[PDB]
Amino acid sequence: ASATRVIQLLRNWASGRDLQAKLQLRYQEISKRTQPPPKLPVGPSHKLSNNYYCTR
Amino acid sequence: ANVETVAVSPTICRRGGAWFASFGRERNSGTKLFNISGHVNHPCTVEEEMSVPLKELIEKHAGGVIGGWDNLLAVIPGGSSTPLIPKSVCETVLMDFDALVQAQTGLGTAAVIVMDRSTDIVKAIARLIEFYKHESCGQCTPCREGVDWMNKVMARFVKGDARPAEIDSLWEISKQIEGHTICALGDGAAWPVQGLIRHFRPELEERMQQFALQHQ
Ligand code: SF4
């Protein structure tokens with residue numbers, strides 16, 4: 001956050017814990033909104049042989 | 001009835017019939033006309049006792065395999081409809097119905113097509129499959145569809161344009177054709193594929209990997 005150090009001390013004292021360690025707002029540690037494409041593997045039944053439907 | 005079956009009937013009636021049974025093994029009696037073609041020194045049509053060993057037939061009448069017996073690679077014993085056998089089986093096999101059934105190929109028409117070690121065996125089996133594709137009458141679904149399917153698969157196999165798993169797939173495709181058609185043309189189209197897969201799978205896999213690393 002962009003809070004002044006004295007305000008951080010006042011907040012920490014009032015709450016009783018270290019607030020800057022766990023901020024509710026998300027600044028930069030989140031995932032990027034543009035991602036590479038996936039590959040998404042296939043299931044067990046995607047075989048070419050020994051895959052008769054009556055057995056499964 | 002076959003022309004050969006009909007033709008021998010008067011001779012069987014005259015000479016005795018019990019004379020006919022004196023040739024060959026039990027339930028494999030009489031004399032047979034053999035057509036030896038392919039990679040032999042003297043391809044020819046001959047008449048021989050029914051239960052003659054294949055090697056003796058090829059050596060005595062056809063002049064032997066081209067380049068010697070050690071150059072033998074494969075034999076289709078009874079025409080294209082019969083599965084082929086390698087050199088290790090041709091050493092002691094008898095040229096009758098029951099012996100060739102025990103070798104998993106059948107006697108068929110007693111037409112011996114010989115292929116030496118200098119032939120592309122996959123290409124020859126693909127040519128047979130293409131023959132069956134062009135000769136299917138198209139009446140029933142398994143032949144009309146599966147034979148053309150196997151033809152395309154074998155064309156891709158010849159160039160190595162497949163992956164090893166498809167080999168098993170091809171096997172199953174043939175198993176879906178055999179026993180499910182109206183006539184035996186589907187069976188006779190599936191059998192050479194099964195023989196090639198049974199005896200020459202490493203050749204298929206080697207071609208596949210050569211195509212794989214040749215094309216990245
Ligand atoms: S199996 Fe026989 S009847 Fe069926 S499509 Fe082929 S040739 Fe015609």
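Couple of notes before you dig in:
- Other-chain or far-sequence residues with amide H under 5 Å of B:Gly17's (modelled H): none
- Long-range HN-HN contacts of B:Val52 with modeled amide H, under 5 Å: B:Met95
- Both radii come from the Cα set of the protein assembly as shown: Rg as radius of gyration, Rh as Kirkwood radius; their ratio Rg/Rh reads 1.41.
- Expressed as a fraction of 2.2 N^0.38 Å, the value expected for a compact globular protein of N residues, the C-alpha radius of gyration of the range B:121-215 is 1.04.
- Proxy reagent accessibility, fewest Cβ within 10 Å first, across A:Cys54, B:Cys140, B:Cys13: A:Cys54, B:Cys13, B:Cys140
- Projecting label points 7 angstrom from Cα along Cα→Cβ for A:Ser15 and B:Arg163 puts them 5.3 nm apart.
- Expressed to the nearest 5 percent, the antiparallel share of DSSP beta bridges inside the protein assembly as shown is 75 percent.
- Rounded to 10°, Cα long-axis angle of helix B:121-135 versus longest principal axis of chain B: 80 degrees
- Net charge in the neighbourhood of A:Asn12 (other residues with Cβ under 13 Å of its Cβ; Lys, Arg +1, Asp, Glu -1) is +3.
- A simple spin-label model places pseudo-atoms 7 Å from Cα toward Cβ; at B:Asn71 and B:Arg144 they are separated by 4.6 nm.
- Here the ratio of the Cα radius of gyration of chain B to 2.2 N^0.38 Å is 1.11.
- Amide H partners (placed H, <5 Å) of B:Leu84, local residues excluded: B:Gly195, B:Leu196
- Computed 3J(HN,Hα) for the range B:136-149, one whole-Hz value per residue from the Karplus formula 6.51 cos²θ - 1.76 cosθ + 1.60 where θ = phi - 60°, is 5, 7, x, 5, 10, 4, x, 4, 3, 8, x, 5, 5, 4, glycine and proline marked x.
- For the range B:185-195, putting each phi into the Karplus relation 6.51 cos²θ - 1.76 cosθ + 1.60 with θ = phi - 60° gives couplings of 5, x, 4, x, 8, 6, 5, x, 4, 5, x Hz, in residue order, rounded to whole numbers and with x for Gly and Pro.
- Annotation for B:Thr92 and A:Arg5: the two label points, set 7 Å from Cα along the Cα-Cβ direction, are 9.7 nm apart.
- Across all Cα atoms of the range B:31-116, the radius of gyration (one decimal) and Dmax (whole number) stand at 11.1, 30 Å.
- Annotation note: trypsin sites (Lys or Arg not before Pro) in the range B:1-51 located in DSSP loop regions with a Cβ neighbour count of at most 11 within 10 Å are B:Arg27.
- Under 11 Å, Cβ to Cβ, from B:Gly146 - net charge with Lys/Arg +1 and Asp/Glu -1: 0
- ³J(HN,Hα) computed for each position of the range A:42-56 - Karplus, 6.51 cos²θ - 1.76 cosθ + 1.60, integer Hz, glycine/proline x: 9, x, x, 7, 8, 6, 8, 9, 6, 10, 5, 5, 5, 8, 9
- Relative to the current alpha-carbon distance between B:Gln176 and B:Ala155, full extension at 0.36 nm per residue lengthens the span by 5.6 nm.
- Whole-number D in µm² s⁻¹ for chain A, Kirkwood Cα-pair radius fed into Stokes-Einstein, 10 °C, 1.306 mPa s: 94 µm²/s
- Based on C-alpha pairs under 8 angstrom that are at least 6 apart in sequence, the range B:98-196 has a relative contact order of 29 percent.
We did not get these values from a lab; they are worked out from the coordinates using the rules stated. Cβ: placed from backbone, ideal geometry, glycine included. Neighbour counts: every protein chain shown.
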